[PDB]
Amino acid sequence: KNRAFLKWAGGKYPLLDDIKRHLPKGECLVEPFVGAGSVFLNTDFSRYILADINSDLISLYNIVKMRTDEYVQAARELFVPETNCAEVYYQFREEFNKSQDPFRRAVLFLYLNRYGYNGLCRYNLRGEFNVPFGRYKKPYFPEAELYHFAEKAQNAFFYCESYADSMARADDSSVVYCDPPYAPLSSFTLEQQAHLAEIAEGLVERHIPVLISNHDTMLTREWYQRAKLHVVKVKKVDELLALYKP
């Protein structure tokens, strides 16, 4: 199982096996919520259309793809014992928020992701990364995961856009896998959740297979009503895999 080089929400490693079993075959894979791209790294499609609303994430992916060796060498400098402390961390965080260079920001972004608290990615309304120091014993430098991402990225396009705009890139050769932010058990609104389901029903009308993963609640069961539902056993909340087969 290929691991992403980033700490990210919805890694979904345990249920990667369930995704592949319910994900149809096609020429191209479309991911509106690529995130860490665990599905992308653990599937084998000819082409990939990978999208996310996070511009720092998308910019990082483009840098890693086009400038792999240059990036790895520069980023590896950050992962040494001297940079594993609060004072250095907050200066690099400040440098990141003030940097105008995409390459430099991409380098610092990996450092912040690995040395920051819980591997979180949080911004204020000023667009500034404000995750505190994580204080780990020894953050891991994902060199192998980086090179593996770069090689697989050669068959992928990265776009920074909302799900509605990325799913419209899908055609008949396409297969769409959606991994939206989790639905409430008691940002991403409820309207966007239902809208995603409606867009899915639109694609399946044009003979485009769509697979959506989410929590198994009352709202999600209602939203994905027109889909072939599968429940995976993970309060005790299970996950739901909604399949819109043409």
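Take the two forms, find the largest set of C-alpha atoms that superpose within 1.5 Å, and that set is the rigid core. Heads up: residue numbers just count along the shown sequence, starting at 1.
- The higher RMS C-alpha distance to the shown form in 9 other deposited structures of this protein, out of 8-16 and 219-227, belongs to 8-16, with every structure fitted on the core.
- Compared with other PDB entries of the same protein, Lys25 is present in all of those that resolve the residues around it, none of them, let alone a third, dropping it.
- The records show that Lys233 is included in the coordinate set of every other eligible entry of this protein, so it is not omitted in a third of them.
- Where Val234 is followed by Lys235 in the displayed chain, the model omits 10 or more of the deposited residues that sit between the two.
- Comparing 49-57 with 201-209, the higher mean C-alpha B-factor in the PDB entry belongs to 201-209.
- Looking at mean Cα B-factors across 169-177 and 136-144, the upper value is held by 169-177.
- The deposited CA B-factor of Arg67 belongs to the middle third of values across its chain.
- The deposited CA B-factor of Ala4 belongs to the middle third of values across its chain.
- The PDB entry assigns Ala36 a C-alpha temperature factor belonging to the lowest third of its chain's modelled residues.
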